[PDB]
Amino acid sequence: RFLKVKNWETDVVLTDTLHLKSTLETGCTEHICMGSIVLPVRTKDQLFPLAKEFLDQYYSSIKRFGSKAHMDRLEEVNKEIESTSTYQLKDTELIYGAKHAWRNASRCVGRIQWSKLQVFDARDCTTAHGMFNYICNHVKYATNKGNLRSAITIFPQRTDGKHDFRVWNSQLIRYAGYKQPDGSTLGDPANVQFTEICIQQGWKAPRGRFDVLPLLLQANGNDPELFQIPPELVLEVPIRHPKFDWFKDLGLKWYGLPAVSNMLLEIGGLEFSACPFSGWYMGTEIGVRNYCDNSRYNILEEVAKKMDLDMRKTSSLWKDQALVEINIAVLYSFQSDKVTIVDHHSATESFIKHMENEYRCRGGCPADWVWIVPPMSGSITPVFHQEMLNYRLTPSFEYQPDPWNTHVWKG
Amino acid sequence: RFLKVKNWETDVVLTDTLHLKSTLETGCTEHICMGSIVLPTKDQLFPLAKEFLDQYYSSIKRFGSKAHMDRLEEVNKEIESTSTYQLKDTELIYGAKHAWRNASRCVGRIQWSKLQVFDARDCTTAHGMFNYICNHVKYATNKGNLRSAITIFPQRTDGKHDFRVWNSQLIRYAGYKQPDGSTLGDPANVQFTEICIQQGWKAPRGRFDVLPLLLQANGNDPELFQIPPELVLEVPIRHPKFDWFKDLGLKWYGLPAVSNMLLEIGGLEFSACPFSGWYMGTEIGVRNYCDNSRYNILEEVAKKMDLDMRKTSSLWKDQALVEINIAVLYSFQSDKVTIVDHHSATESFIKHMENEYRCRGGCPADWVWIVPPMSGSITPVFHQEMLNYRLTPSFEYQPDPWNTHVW
Ligand code: HEM
Ligand code: HEM
Ligand SMILES: Cc1ccnc(CCCCCO[C@H]2CNC[C@H]2Cc2cc(C)cc(N)n2)c1
Ligand SMILES: Cc1ccnc(CCCCCO[C@H]2CNC[C@H]2Cc2cc(C)cc(N)n2)c1
Ligand SMILES: C[C@H](O)[C@H](O)[C@H]1CNc2nc(N)[nH]c(=O)c2N1
Ligand SMILES: C[C@H](O)[C@H](O)[C@H]1CNc2nc(N)[nH]c(=O)c2N1
Ligand SMILES: [Zn+2]
């Protein structure tokens, strides 16, 4: 079967066949769409088909499908599964698999970049100290003094589900949040609960507005351990505005390195529960969401007060006005310090070229419109006007429950 | 089977049960989401009639009463004998209000129970259609104090006698492709303008020419009528700070009046059912003015503001966008023509969703349409999970009449 998508600005129509390779389920049915819902231990029996389907894809991609090497590898994996209940990926398969999980991530606007990903194989790691070292090397490499390079570090896969590797941080670099007795929050409200865990685990909190959190790292199902990232490895950008000289005195800064650490990477039915990955920011992530969400730094009012905007009626668009100036400030600041960042115009235009290329060479590009459209100025970006199809391909990144909810404390 | 929706700003979780009463199909499957796609007999009729009459009688707390049973009987008898049936006035009004209540793409549904219904089922000719539509236009406009209204022409019979308003909205501007290669006016209406010209309209050939109505009665060939100019309330666009803004020569009409949809009530199909409310400011300022395939004015405005248009990263487009939208709202407000900004409208919709969840067990909503086309995440709907599903009575898209009509 063929599915068509239309761009309503260009009338360009594309045809999807790749959706036929999807088997995992969406949340939707013929009677309900769950497109805006945020969140909508394996047998031998289920594992070999998953391994086979992955190795078939890998061997096709290298133009060796049905070769002796392909068949010998299926045979070798089959025997390893029957003998040991699992199997190990070759380094080449791991690299391919991690690049493909990114290529297949339908909520990611930055996928034009998917084939340039540095993969750090950390499957020989055994302790939380070893994980700390691996993560430092990833941060230093990816940062590259501001010229950011995408990278992922892949710790040992799940075995019985009782020996998982996990990074408890949701991203490698994040700012502490502290709920005050008077109900206000100091620092980032998104990280209050994780900050509390850190403190209980014995972190000495500086209690400021931008305290970089310590890593909490679990190796081999053991209780997690605290480590502080060397501050010299944490690149930060003070935020200022090209015209408004009072903007700097808001005291805002942000970190350069966005590095998601709470997702699970599935390749060939194997589960990598600790696979931190990093790219670079699109400016709206910081300027729109991190600064302006009501439940985050929530700076809209203070900025609009300083701009002397008419704040008595929402219809003056004061919030929209302040929003744009904050976002100019973020892009200006990153650019002035030579830290990689991309604006939402450039990123979405590149995504559309990526998507057309995918349709032409791969037969499709699963994309989640709800997430791809930027959180400001939606319809003046080309993605707003682009019909998209969302479906689930493996290899994939997946959500997983936060580890403090599931961990069995050894004590 | 019982579904939860969460707001990620407030942590409020609501439980949806209303979706189980859902009838039509979404276009999604378990394998593929099509959430972003813009367009995804006597025997058939009585179940549809019964489903509707049951909900109606339920709504007036008379479910299972003799009057309920008697009406179901009357309607069964009428379909068996005539192949169709007629709605009572009370039913028609309930149906129309509920079609709006059910419109998953409409942010303005807090208003759904205040809808003036004009019953034009007695209409027989296109001149009649024109008269009904002028009265709707004048009633709804109410000298700038807009009032929601729908006018309902006769229902489909054998499908060869359809009433249709050929126009996509009662009030729209002409578009003309020029020797230049550019487009004069609204590029969204080029094809329809050509049809008008073909049918005999003398086009003034300007940037903002109000199109004539093309009305089809009883499946006859459509006829042209110009809406009295004095009934079309328009607003010149100016900016409260930028003196030069007025010289762009921009204006928009005050009354948004969708005329191309099909209203389905109790299985009956009302193919001409123009309805109107009032504008959310972004509809004009973001979409009508700034879409590349619409009036596409961003460049011209940015230039008048003397922004750095060298690099996308200076956010020149974003700056100009906010200003264009400030001007739209200020102009409508100064001239006292009802308008709502996207902040106030989405705040109201969240309140309406809570009402619907508490009082009805849910609210079908299409997030892709509900979130405004600028400043998405600074409106509360962005952080609200929504479930989209199709309830009847409903408004539905239908084929453009010119592809369907035989002359
Ligand atoms: C290289 C520059 C990149 C840019 C500009 C970028 C951009 C983005 C943005 C804006 C989002 C939405 C984030 C949000 O709203 O919180 C996102 C989501 C995501 N991206 Fe990327 N991305 C990049 C690289 C990467 C890399 C290297 C990977 C993995 C190898 C990745 C995988 C993902 C995944 C799995 C999501 C979904 C995250 C979630 O559900 O929490 N991206 N991307
Ligand atoms: C009273 C003020 C109203 C407001 C502020 C409002 C708001 C809106 C907005 C912003 C849209 C999206 C339009 C677009 O993006 O092109 C919309 C769509 C829609 N509304 Fe409303 N609305 C109002 C009244 C009504 C009424 C009175 C009805 C029916 C009686 C209605 C039914 C619909 C339907 C069916 C759609 C989807 C239209 C389509 O798919 O083309 N609305 N509404
Ligand atoms: C590699 C890269 C490049 C550019 N940006 C990034 C940062 C992405 C961070 C995502 C942060 O999102 C936070 C805030 N809201 C939901 C949460 C992420 C999330 C939450 C849930 C429940 C599910 C899910 N899939 N994803 C990473
Ligand atoms: C009553 C009211 C209140 C506020 N605004 C309005 C105006 C809505 C007009 C809708 C016109 O929009 C045009 C351009 N994009 C979608 C399209 C309407 C539409 C188009 C298509 C192809 C399908 C569909 N269901 N609906 C009406
Ligand atoms: C409820 C809704 O799906 C939620 O707020 C989503 C919307 N779109 C998003 N888009 C991105 N890129 N990131 C997000 O966190 C969200 N949040
Ligand atoms: C492809 C995509 O669905 C299309 O551009 C949509 C997005 N959201 C929209 N939202 C509204 N309110 N109106 C629209 O016309 C659209 N267009
Ligand atoms: Zn869906």
# chains A, B, ... in the order shown; residues from 1 in each chain; ligands from 1
>>> residues_near_ligand(ligand="ligand 2", cutoff="8 Å", atoms="only C-alpha atoms and all ligand atoms", output="PyMOL selection string")
chain B and resi 96-97+99-100+103-109+111-112+115+147-150+258+261+275-280+282-283+287+339-340+345+369-370+372+394-397
>>> residues_near_ligand(ligand="ligand 5", cutoff="6 Å", atoms="only C-alpha atoms and all ligand atoms", output="ChimeraX atom specification")
/A:36-38,370-372 /B:382-385
>>> write_last_selection(atoms="N, CA and C atoms", output="PDB file, in the first residue's frame")
ATOM      1  N   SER A  36      -1.535  13.629  20.358  1.00  0.00           N
ATOM      2  CA  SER A  36      -0.966  14.609  21.322  1.00  0.00           C
ATOM      3  C   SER A  36      -0.638  14.058  22.724  1.00  0.00           C
ATOM      4  N   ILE A  37      -0.801  12.761  22.927  1.00  0.00           N
ATOM      5  CA  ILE A  37      -0.477  12.146  24.217  1.00  0.00           C
ATOM      6  C   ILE A  37       1.049  12.021  24.316  1.00  0.00           C
ATOM      7  N   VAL A  38       1.624  12.501  25.412  1.00  0.00           N
ATOM      8  CA  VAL A  38       3.083  12.489  25.569  1.00  0.00           C
ATOM      9  C   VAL A  38       3.627  11.041  25.733  1.00  0.00           C
ATOM     10  N   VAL A 370       3.294  17.144  16.145  1.00  0.00           N
ATOM     11  CA  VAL A 370       3.135  17.779  17.440  1.00  0.00           C
ATOM     12  C   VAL A 370       4.487  18.203  18.007  1.00  0.00           C
ATOM     13  N   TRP A 371       5.529  17.395  17.780  1.00  0.00           N
ATOM     14  CA  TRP A 371       6.839  17.707  18.333  1.00  0.00           C
ATOM     15  C   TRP A 371       7.753  18.462  17.372  1.00  0.00           C
ATOM     16  N   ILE A 372       7.609  18.178  16.085  1.00  0.00           N
ATOM     17  CA  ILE A 372       8.453  18.802  15.047  1.00  0.00           C
ATOM     18  C   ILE A 372       8.187  20.298  14.898  1.00  0.00           C
TER      19      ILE A 372
ATOM     20  N   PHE B 382      -1.149  24.196  24.417  1.00  0.00           N
ATOM     21  CA  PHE B 382       0.055  23.494  23.968  1.00  0.00           C
ATOM     22  C   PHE B 382       0.431  22.379  24.946  1.00  0.00           C
ATOM     23  N   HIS B 383       0.203  22.629  26.227  1.00  0.00           N
ATOM     24  CA  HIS B 383       0.610  21.694  27.281  1.00  0.00           C
ATOM     25  C   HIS B 383      -0.512  20.715  27.652  1.00  0.00           C
ATOM     26  N   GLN B 384      -1.660  20.852  27.001  1.00  0.00           N
ATOM     27  CA  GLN B 384      -2.834  20.017  27.237  1.00  0.00           C
ATOM     28  C   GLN B 384      -2.890  18.841  26.259  1.00  0.00           C
ATOM     29  N   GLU B 385      -2.794  17.630  26.764  1.00  0.00           N
ATOM     30  CA  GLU B 385      -3.131  16.456  25.971  1.00  0.00           C
ATOM     31  C   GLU B 385      -4.613  16.505  25.599  1.00  0.00           C
TER      32      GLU B 385
END
>>> select_by_dssp(residues="stretch 119-357 of chain A", states="helix (DSSP H, G or I)", output="PyMOL selection string")
chain A and resi 128-146+189-200+231-233+247-250+283-292+300-306+314-316+318-336+344-357
>>> residues_near_ligand(ligand="ligand 6", cutoff="6 Å", atoms="only C-alpha atoms and all ligand atoms", output="mmCIF file with N, CA, C and O atoms, in the first residue's frame")
data_model
loop_
_atom_site.group_PDB
_atom_site.id
_atom_site.type_symbol
_atom_site.label_atom_id
_atom_site.label_comp_id
_atom_site.auth_asym_id
_atom_site.auth_seq_id
_atom_site.Cartn_x
_atom_site.Cartn_y
_atom_site.Cartn_z
ATOM 1 N N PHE A 384 5.012 23.331 9.690
ATOM 2 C CA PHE A 384 3.602 23.531 10.041
ATOM 3 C C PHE A 384 2.695 23.122 8.898
ATOM 4 O O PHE A 384 1.613 22.537 9.105
ATOM 5 N N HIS A 385 3.144 23.435 7.676
ATOM 6 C CA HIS A 385 2.383 23.206 6.452
ATOM 7 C C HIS A 385 2.584 21.836 5.835
ATOM 8 O O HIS A 385 1.975 21.498 4.774
ATOM 9 N N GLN A 386 3.409 21.043 6.504
ATOM 10 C CA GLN A 386 3.761 19.746 5.977
ATOM 11 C C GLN A 386 2.955 18.641 6.647
ATOM 12 O O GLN A 386 3.078 18.437 7.827
ATOM 13 N N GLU A 387 2.185 17.883 5.877
ATOM 14 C CA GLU A 387 1.603 16.655 6.403
ATOM 15 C C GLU A 387 2.690 15.635 6.677
ATOM 16 O O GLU A 387 3.671 15.571 5.944
ATOM 17 N N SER B 36 -1.868 14.647 11.532
ATOM 18 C CA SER B 36 -1.539 15.906 10.832
ATOM 19 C C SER B 36 -2.076 16.040 9.412
ATOM 20 O O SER B 36 -1.795 17.038 8.760
ATOM 21 N N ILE B 37 -2.840 15.049 8.929
ATOM 22 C CA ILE B 37 -3.372 15.098 7.575
ATOM 23 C C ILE B 37 -4.601 15.992 7.608
ATOM 24 O O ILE B 37 -5.450 15.832 8.477
ATOM 25 N N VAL B 38 -4.679 16.946 6.680
ATOM 26 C CA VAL B 38 -5.793 17.885 6.636
ATOM 27 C C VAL B 38 -7.157 17.214 6.266
ATOM 28 O O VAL B 38 -8.185 17.515 6.913
ATOM 29 N N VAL B 368 -3.440 19.636 16.781
ATOM 30 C CA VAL B 368 -2.804 20.229 15.614
ATOM 31 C C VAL B 368 -3.521 21.499 15.121
ATOM 32 O O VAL B 368 -2.869 22.439 14.650
ATOM 33 N N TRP B 369 -4.849 21.531 15.258
ATOM 34 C CA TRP B 369 -5.674 22.720 14.925
ATOM 35 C C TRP B 369 -5.912 23.660 16.071
ATOM 36 O O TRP B 369 -6.040 24.864 15.850
ATOM 37 N N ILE B 370 -5.995 23.121 17.284
ATOM 38 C CA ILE B 370 -6.317 23.948 18.448
ATOM 39 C C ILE B 370 -5.156 24.865 18.858
ATOM 40 O O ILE B 370 -5.377 26.010 19.223
#
>>> residues_near_ligand(ligand="ligand 7", cutoff="7 Å", atoms="only C-alpha atoms and all ligand atoms", output="VMD selection string")
(chain A and resid 28 32 to 35) or (chain B and resid 28 32 to 35)
